[PDB]
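Asker: Structure below; questions to follow.
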Amino acid sequence: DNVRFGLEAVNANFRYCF
Amino acid sequence: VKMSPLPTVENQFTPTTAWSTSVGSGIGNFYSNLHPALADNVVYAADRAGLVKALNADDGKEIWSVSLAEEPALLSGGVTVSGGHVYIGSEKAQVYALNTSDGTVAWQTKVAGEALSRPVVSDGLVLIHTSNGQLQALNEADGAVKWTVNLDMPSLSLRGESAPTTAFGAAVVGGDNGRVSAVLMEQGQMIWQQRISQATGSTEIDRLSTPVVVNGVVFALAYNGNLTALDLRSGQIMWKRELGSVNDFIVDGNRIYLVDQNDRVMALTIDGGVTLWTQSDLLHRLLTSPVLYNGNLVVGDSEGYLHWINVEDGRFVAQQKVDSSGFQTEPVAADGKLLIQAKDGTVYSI
Amino acid sequence: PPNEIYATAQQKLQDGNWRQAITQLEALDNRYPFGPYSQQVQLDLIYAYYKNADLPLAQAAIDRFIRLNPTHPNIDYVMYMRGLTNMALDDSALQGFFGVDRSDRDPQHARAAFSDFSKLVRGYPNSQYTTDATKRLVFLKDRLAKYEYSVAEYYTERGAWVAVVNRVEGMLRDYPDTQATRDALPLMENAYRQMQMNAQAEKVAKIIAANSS
Amino acid sequence: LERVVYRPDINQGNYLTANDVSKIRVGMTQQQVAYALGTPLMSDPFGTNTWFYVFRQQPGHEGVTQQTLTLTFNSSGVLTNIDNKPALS
Amino acid sequence: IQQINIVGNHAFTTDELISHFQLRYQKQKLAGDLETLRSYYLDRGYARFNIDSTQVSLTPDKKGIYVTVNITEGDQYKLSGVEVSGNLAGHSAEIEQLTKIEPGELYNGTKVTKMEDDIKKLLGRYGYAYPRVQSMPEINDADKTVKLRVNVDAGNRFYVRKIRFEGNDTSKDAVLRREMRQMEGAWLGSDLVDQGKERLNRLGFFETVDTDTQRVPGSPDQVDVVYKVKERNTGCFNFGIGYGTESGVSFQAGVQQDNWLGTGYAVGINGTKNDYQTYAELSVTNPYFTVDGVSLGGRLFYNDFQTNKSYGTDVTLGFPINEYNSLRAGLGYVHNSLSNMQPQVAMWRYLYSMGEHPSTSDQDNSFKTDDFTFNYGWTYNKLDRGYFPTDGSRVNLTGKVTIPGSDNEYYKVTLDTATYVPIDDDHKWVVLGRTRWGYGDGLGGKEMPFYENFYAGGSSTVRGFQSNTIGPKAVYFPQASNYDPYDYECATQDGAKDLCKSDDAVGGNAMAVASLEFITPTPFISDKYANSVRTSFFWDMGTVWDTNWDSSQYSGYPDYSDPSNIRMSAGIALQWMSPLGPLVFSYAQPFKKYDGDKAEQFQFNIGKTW
Amino acid sequence: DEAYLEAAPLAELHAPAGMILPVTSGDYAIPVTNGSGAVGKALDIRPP
């Protein structure tokens with residue numbers, strides 16, 4: 001929880017909140 | 001949740017409206033005991049908004065009309081005519097005394113509560129009852145208060161408590177306690193009390209709507225379904241039946257005609273909880289108080305229909321639609337004439 | 001009987017995903033609260049919840065087990081695991097990674113852990129868990145004293161010299177043998193010197209010198 | 001430089017007023033003194049049965065005002081010596 | 001319920017009293033209406049007002065309810081004066097000043113309650129934690145008047161023995177202890193504690209702050225003051241790669257943390273790299289360099305685009321001066337290097353003022369400066385909350401000037417204000433005023449370099465327009481291009497032999513933006529969103545203009561010196577504190593736009609502004 | 001990490017002649033134990 005990932009040439013990214 | 005059946009009836013020869021005319025707007029959706037009265041061939045009627053008329057009983061032509069409003073008058077309780085004066089109640093705790101010939105105000109008095117009851121006149125006194133559970137007697141002459149009796153008022157129903165029925169110097173009264181009593185009219189002295197209603201989960205059960213007096217016996221029913229015959233001069237019970245009915249019932253011919261809380265019509269004997277016949281086809285179709293007219297049983301309902309029933313066996317005599325607005329009030333009949341006022345403010349002669 | 005469920009739970013406790021051990025334990029708790037393994041299942045759930053860092057449920061299971069078995073041949077195991085639960089709730093992975101000293105954060109969990117370990121040590125003096133609880137009590141006691149020390153330093157910086165004196169005195173009463181008290185003493189000497197209260201400053205200098213080396 | 005930087009007023013110690021300080025007499029018990037003045041906030045924990053009543057105020061960017069009252073009691077709880085430093089030296 | 005009837009009402013009409021009732025089931029509401037009715041009459045001097053009965057009746061067949069109340073009314077009583085006595089602390093002047101009334105004023109029960117609360121509130125400032133105040137009204141019917149007596153018992157002074165904090169798992173204890181005004185070892189003040197509550201709310205680190213004042217079981221005169229907070233998860237790591245064959249490698253990342261590991265420091269690290277643009281920024285600040293509130297911080301940055309390159313640094317110092325007022329000032333430096341500049345009229349006017357002589361319509365050019373500046377500002381902030389204000393106002397005035405030795409000579413001043421005013425007592429209905437103004441200029445015949453110009457439009461200022469499109473547009477000169485075989489109607493070397501308008505915004509040296517937003521409750525959504533979801537309705541306006549645009553030389557083009565060309569729009573917006581940060585969703589429609597304007601009605605962006 | 005196994009040892013303070021130290025609280029008192037069992041990674045903490 002409170003974490004998001006994505007991959008989707010590519011658009012790979014993620015967010016991690018404190 | 002419920003449906004209202006419409007029975008097929010082989011109608012009597014010629015059901016028909018003799019005349020009709022409007023009287024203001026009508027009671028509409030308010031529940032009340034307001035109904036017309038006939039006296040001296042004059043039909044007296046009022047609109048809740050405050051318009052009060054006297055009509056010619058033969059053709060609906062107006063004879064006299066006044067307005068008692070200055071808020072609206074909020075008139076209620078039903079028109080009572082004593083011959084001398086016309087008495088009208090209100091929800092503003094006012095009692096009006098108008099002349100019967102030309103209805104200017106003769107007097108008005110404050111009675112400490114809504115007069116959701118039919119006033120009655122006996123032995124020179126005007127006997128009224130209000131929503132605070134208070135029985136009050138006014139001086140017929142000038143509206144002065146003569147005495148009161150204060151009963152308890154449980155947080156239950158909006159049923160109007162019946163007008164006192166007076167015989168032999170004292171009146172039978174009762175209220176939404178599940179109790180009835182006899183009070184001496186000369187002083188306002190309580191003579192006796194008795195409880196009619198019997199309940200367990202009593203906090204959800206209303207207690208009492210109308211005593212009927214015969215020589216030596218008083219008949220009364222409670223909302224919870226207790227039908228009791230009592231000793232006129234004591235709390236002694238003559239007999240009881242358990243049966244559910246609220247509305248005013250007819251005692252005549254050594255027969256009792258009741259309208260059940262399920263809108264069943266029943267004919268009973270006078271010596272016990274003995275059924276003679278029932279008419280179940282009107283069940284859950286809201287019925288008003290019955291009357292007996294020209295030997296036939298006359299009832300009506302909120303749909304706008306009137307029905308004629310054979311007083312000897314429950315057989316239907318006729319069905320006719322008169323007013324699409326419905327009948328929420330008591331039908332009346334007197335001196336051979338059958339009169340009714342619709343939910344909307346129209347008075348009919350049928 | 002569901003021998004394949006107990007056996008699978010045990011195999012998932014030996015290795016594999018902790019969620020599979022929990023799934024198999026729930027396959028017994030939801031359906032067989034009366035069977036021969038109900039208490040072992042409850043103990044396995046407590047262990048599995050601890051191991052998976054699911055703590056509010058380990059605590060709920062601890063209170064259920066204790067209420068159901070006020071007396072039990074291994075009740076001190078459950079008390080020990082409770083103390084470990086409160087100890088585990090003290091840290092944080094992000095604070096740890098960067099080397100942050102977490103001793104100035106909320107200390108309420110440390111006191112709850114301390115109380116439960118003290119109860120364990122006094123109630124069951126012959127428990128095989130005594131040595132570990134003793135080392136934890138020494139560690140946790142010092143961790144608690146550091147909190148009072150840090151508060152004292154903040155107030156010394158603001159200048160609330162009375163708060164400084166009462167804060168350190170409280171440390172003297174409750175933790176006579178910890179390192180924080182010896183480190184704190186000069187803070188009292190200072191508090192007794194910014195205020196013109198020389199007799200107390202000299203008393204503090206003497207107690208500092210007597211125990212210095 | 002700092003004289004232009006806001007400094008909230010700092011209060012320390014118990015409150016004193018002459019109306020109450022002038023009421024203490026040798027011969028009073030510890031209960032009578034505590035009642036008249038209130039619970040001490042400072043005392044000597046190192047055995048000596050004595051109380052320190054210190055009224056200190058530091059309004060921002062003003063000086064420090066302080067009144068010190070020291071009460072020495074015997075082992076029976078009876079007050080034997082009253083010292084008073086109305087202001088800092 | 002078909003009807004509510006009030007029997008015995010002579011001072012007022014039925015509708016006047018019904019207007020204040022919540023009933024129009026009777027359960028529970030009836031008691032609230034009865035209490036409202038008592039206060040309504042008591043506030044008019046009806047000392048003998050009484051409610052005698054509350055009948056509730058069922059209609060036939062349970063198709064409705066009839067409600068009637070019996071009211072007994074008295075006359076209107078006058079208040080002759082107020083006497084106060086008992087064990088007062090000696091602060092008789094303040095109590096008497098609060099108690100004093102104009103003699104003969106209509107008796108009002110609420111003012112009596114006010115006096116009781118004002119006395120307790122007064123005594124709470126000198127350490128009297130638990131006073132006892134009881135009003136003793138007396139009625140003199142012969143004269144239709146009343147008299148009041150008040151029984152006051154000040155009690156004892158209380159001291160704070162300890163201040164303890166609970167619920168802070170990440171934030172350093174020093175942080176919670178900085179935003180406090182009640183000190184240990186000193187007498188209690190109720191107002192000082194409330195100020196501490198407000199400051200903790202203003203830090204913006206918590207979802208909620210609860211307080212308690214627990215009596216010390218071991219002594220009659222000590223209190224343990226306790227704060228409980230629930231920490232908010234703020235600050236998020238962002239990383240990502242956007243590789244493809246159209247752009248090749250595309251990298252972005254950053255850290256935007258308002259509270260760093262709970263240590264009180266704020267850090268902003270941002271950057272990205274692709275084939276055409278480079279960006280990096282580092283910003284670090286310490287709100288408390290000194291224990292008494294002196295703050296320090298600053299930033300480094302670099303960027304370029306292939307055409308310009310720039311980079312620079314700045315350092316800012318600041319400090320509070322009067323609790324609600326603070327000052328900042330600092331120094332910095334920026335390098336700006338331009339190349340391949342388009343032949344724009346505004347840009348070349350500037351360049352001419354700098355002494356440059358570019359060839360007409362010739363993009364083979366360059367220009368660079370090194371500019372050192374000084375910046376300053378002033379802030380006012382009395383808001384009650386960090387994310388959903390209900391009261392207070394904020395004013396941020398900032399600006400910067402060049403210093404000698406710089407290539408440019410200019411100044412810039414901006415003003416950013418907002419005011420929240422509650423409408424209803426539950427703070428769910430609130431009106432928000434939002435305004436911004438700004439102006440810059442040059443010295444010595446020069447003008448503010450174009451890369452510092454103001455822009456407006458977009459989710460941060462005026463909604464419904466494309467970002468940075470409000471204002472004057474570029475006008476091009478008609479020389480050579482290696483792109484015509486990517487061109488523009490005014491740029492082609494062969495298809496354009498005169499001046500013409502394009503849609504490229506250039507911004508300007510002055511602007512104004514204003515809007516009004518109405519904040520409303522969200523009864524359509526579950527209560528767990530009460531502290532995270534807010535909605536509003538709004539109306540926006542704004543304008544940007546170019547000071548000293550020369551209308552006498554370009555008469556076939558709009559006169560950009562007229563500020564009166566106000567752009568207007570309105571719409572609806574949603575604010576949500578999502579688990580990953582504030583989000584702004586909006587839709588708006590314009591009311592008035594001018595030739596060359598470009599609309600954008602559906603908008604979504606991050607907030608953290610205004 | 002097994003930080004509790006690297007804690008510094010405890011040692012009490014003494015008073016100089018003529019001074020008395022504050023009265024020691026009975027709370028947070030640690031009894032003397034035998035120390036015969038396993039600790040940390042050497043201790044099997046699985047259910048019985």
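Chain labels A, B, ... are given in the sequence in which chains occur in the structure tokens; within each chain residues are numbered consecutively from 1, and ligands are likewise numbered from 1 in the order shown.
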For residue 1 of chain A, work out the shell of residues within 12 Å, counting only C-alpha atoms and skipping chain neighbours fewer than 3 positions away, then give it as a ChimeraX atom specification.

Answerer: /A:4-5,15-18 /E:579-580

Asker: Would you give me, as a ChimeraX atom specification, the residues in segment 45-294 of chain B that DSSP reads as strand (DSSP E)?

Answerer: /B:45-46,51-56,62-67,75-81,85-90,94-99,105-110,120-122,125-130,134-139,145-150,165-167,170-175,179-184,189-195,212-214,217-221,226-231,237-242,250-252,255-259,265-269,275-279,291-293

Asker: Which distance in Å separates atom CA of residue 65 of chain C and atom CA of residue 140 of chain C, to one decimal?

Answerer: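 That distance, rounded to one decimal, is 26.1 Å.
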
Asker: Show which residues sit within 9 Å of residue 36 of chain D, as a JSON list (two decimals) with C-alpha atoms, in the first residue's frame. Count only C-alpha atoms, and ignore same-chain residues fewer than 2 positions away.

Answerer:
```
[["chain", "number", "residue", "atom", "x", "y", "z"],
["D", 20, "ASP", "CA", 1.76, 35.58, 50.62],
["D", 21, "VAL", "CA", 5.51, 35.71, 51.30],
["D", 23, "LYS", "CA", 2.73, 35.52, 55.87],
["D", 24, "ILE", "CA", 5.37, 32.85, 56.55],
["D", 31, "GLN", "CA", 1.59, 21.45, 55.75],
["D", 32, "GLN", "CA", 0.81, 25.04, 56.72],
["D", 33, "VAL", "CA", 3.48, 26.43, 54.43],
["D", 34, "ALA", "CA", 2.52, 24.21, 51.51],
["D", 38, "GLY", "CA", 1.44, 25.81, 47.15]]
```

Asker: What's the 12 Å shell around residue 16 of chain C, counting only C-alpha atoms, without same-chain residues fewer than 6 positions away, as an MDAnalysis selection string?

Answerer: chainID C and resid 8:10 22 48 52

Asker: Given only C-alpha atoms, how would the per-residue table for chain F near segment 43-58 of chain D read, listing every residue at most 12 Å away with its closest atom pair and distance in Å to one decimal, sorted by chain and number, as JSON lines?

Answerer:
```
{"residue": "F:15", "atom": "CA", "partner": "D:46", "partner_atom": "CA", "distance": 9.9}
{"residue": "F:16", "atom": "CA", "partner": "D:46", "partner_atom": "CA", "distance": 11.4}
{"residue": "F:18", "atom": "CA", "partner": "D:47", "partner_atom": "CA", "distance": 9.9}
{"residue": "F:19", "atom": "CA", "partner": "D:46", "partner_atom": "CA", "distance": 6.7}
{"residue": "F:20", "atom": "CA", "partner": "D:46", "partner_atom": "CA", "distance": 5.5}
{"residue": "F:21", "atom": "CA", "partner": "D:46", "partner_atom": "CA", "distance": 5.5}
{"residue": "F:22", "atom": "CA", "partner": "D:45", "partner_atom": "CA", "distance": 5.5}
{"residue": "F:23", "atom": "CA", "partner": "D:45", "partner_atom": "CA", "distance": 8.3}
{"residue": "F:24", "atom": "CA", "partner": "D:45", "partner_atom": "CA", "distance": 11.2}
```

Asker: Considering only C-alpha atoms, extract the chain E residues located within 7 Å of chain A and return them as a list in words.

Answerer: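 Result, ordered by chain then number: residues 233, 234, 235, 236, 237, 238, 239, 240, 241, 242, 243, 244, 245, 579 and 580 of chain E.
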
Asker: Please give the complete set of residues from chain D that DSSP, run on the backbone, assigns to alpha helix (DSSP H), formatted as an MDAnalysis selection string.

Answerer: chainID D and resid 18:21 30:37

Asker: I'd like the interatomic distance between atom CA of residue 575 of chain E and atom CA of residue 326 of chain E, to a tenth of an Å.

Answerer: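 Atom-to-atom, atom CA of residue 575 of chain E to atom CA of residue 326 of chain E, that is 28.7 Å.
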
Asker: Near chain A, meaning an atom within 12 Å, which residues of chain C appear when counting only C-alpha atoms? Write them as a PyMOL selection string.

Answerer: chain C and resi 92-95

Asker: Quick one: which residues from chain F are at most 6 Å off chain C, using only C-alpha atoms, as a PDB file with N, CA and C atoms, in the first residue's frame?

Answerer:
```
ATOM      1  N   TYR F   4      20.403  -5.717  21.247  1.00  0.00           N
ATOM      2  CA  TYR F   4      20.299  -5.925  22.684  1.00  0.00           C
ATOM      3  C   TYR F   4      21.448  -6.755  23.229  1.00  0.00           C
ATOM      4  N   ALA F   7      24.588  -4.205  24.177  1.00  0.00           N
ATOM      5  CA  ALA F   7      24.349  -3.107  25.101  1.00  0.00           C
ATOM      6  C   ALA F   7      25.497  -3.007  26.095  1.00  0.00           C
ATOM      7  N   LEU F  10      25.641  -2.328  32.862  1.00  0.00           N
ATOM      8  CA  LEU F  10      25.166  -1.348  33.825  1.00  0.00           C
ATOM      9  C   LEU F  10      26.051  -1.334  35.065  1.00  0.00           C
ATOM     10  N   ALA F  11      26.111  -0.174  35.715  1.00  0.00           N
ATOM     11  CA  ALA F  11      26.895  -0.009  36.930  1.00  0.00           C
ATOM     12  C   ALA F  11      26.287   1.114  37.754  1.00  0.00           C
ATOM     13  N   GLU F  12      26.159   0.882  39.056  1.00  0.00           N
ATOM     14  CA  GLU F  12      25.545   1.863  39.935  1.00  0.00           C
ATOM     15  C   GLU F  12      26.532   2.948  40.364  1.00  0.00           C
ATOM     16  N   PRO F  16      29.622  10.543  47.530  1.00  0.00           N
ATOM     17  CA  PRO F  16      30.782  10.945  48.327  1.00  0.00           C
ATOM     18  C   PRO F  16      30.400  10.986  49.798  1.00  0.00           C
ATOM     19  N   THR F  24      15.814   5.480  45.832  1.00  0.00           N
ATOM     20  CA  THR F  24      15.687   4.699  44.613  1.00  0.00           C
ATOM     21  C   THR F  24      14.260   4.198  44.441  1.00  0.00           C
ATOM     22  N   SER F  25      13.717   4.403  43.249  1.00  0.00           N
ATOM     23  CA  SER F  25      12.390   3.908  42.917  1.00  0.00           C
ATOM     24  C   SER F  25      12.417   2.391  42.811  1.00  0.00           C
ATOM     25  N   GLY F  35      20.910 -16.907  33.934  1.00  0.00           N
ATOM     26  CA  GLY F  35      21.512 -16.736  32.625  1.00  0.00           C
ATOM     27  C   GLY F  35      21.922 -18.024  31.944  1.00  0.00           C
ATOM     28  N   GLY F  37      20.162 -20.040  29.888  1.00  0.00           N
ATOM     29  CA  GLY F  37      19.565 -20.358  28.608  1.00  0.00           C
ATOM     30  C   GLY F  37      20.264 -19.732  27.411  1.00  0.00           C
ATOM     31  N   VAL F  39      20.408 -17.325  23.925  1.00  0.00           N
ATOM     32  CA  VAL F  39      19.960 -15.991  23.550  1.00  0.00           C
ATOM     33  C   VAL F  39      20.000 -15.784  22.043  1.00  0.00           C
TER      34      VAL F  39
END
```

Asker: To one decimal in Å, tell me the separation between atom CA of residue 28 of chain D and atom CA of residue 78 of chain D.

Answerer: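 Distance reported for this atom pair: 6.5 Å.
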
Asker: Please list as a PyMOL selection string every residue within 7 Å of residue 308 of chain E, counting only C-alpha atoms and excluding residues in the same chain fewer than 4 positions away.

Answerer: chain E and resi 304+337-339

Asker: Write out the residues from the selection above, keeping N, CA, C and O atoms, as a compact mmCIF listing (two decimals), in the first residue's frame.

Answerer:
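Saved the output as selection17.txt:
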```txt
# COMPACT_ATOMS: atom_id res chain seq x y z
N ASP E 304 18.94 23.64 -19.53
CA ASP E 304 19.10 24.20 -20.87
C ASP E 304 18.05 23.59 -21.80
O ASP E 304 17.38 22.61 -21.46
N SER E 337 22.57 32.32 -21.15
CA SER E 337 23.21 32.33 -22.46
C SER E 337 22.18 31.90 -23.50
O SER E 337 21.62 30.80 -23.41
N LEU E 338 21.93 32.76 -24.48
CA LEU E 338 20.97 32.55 -25.55
C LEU E 338 21.69 32.34 -26.87
O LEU E 338 22.73 32.95 -27.13
N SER E 339 21.06 31.55 -27.75
CA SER E 339 21.53 31.38 -29.11
C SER E 339 20.35 31.14 -30.03
O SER E 339 19.27 30.73 -29.59
```

Asker: Give one line per residue of chain D that approaches chain C to at most 8 Å, naming the two atoms of the closest pair and their distance in Å to one decimal, counting only C-alpha atoms; sort by chain then ascending residue number and deliver it as CSV.

Answerer:
```
residue,atom,partner,partner_atom,distance
D:10,CA,C:160,CA,7.7
D:11,CA,C:160,CA,8.0
D:12,CA,C:162,CA,6.4
D:13,CA,C:162,CA,6.2
D:42,CA,C:166,CA,7.4
D:44,CA,C:200,CA,7.8
D:45,CA,C:169,CA,7.7
D:88,CA,C:196,CA,7.5
```

Asker: Excluding residue 72 of chain D and residues on its chain fewer than 2 positions from it, collect all residues at most 6 Å away from it, counting only C-alpha atoms, and give them as JSON, numbers by chain.

Answerer: {"D": [50, 79, 80, 81]}

Asker: How would the residues just chosen look if you wrote them out with C-alpha atoms as a compact mmCIF listing (two decimals), in the first residue's frame?

Answerer:
```txt
# COMPACT_ATOMS: atom_id res chain seq x y z
CA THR D 50 14.80 22.08 52.43
CA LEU D 79 10.72 25.37 59.63
CA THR D 80 13.94 26.68 61.17
CA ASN D 81 15.46 29.14 58.68
```
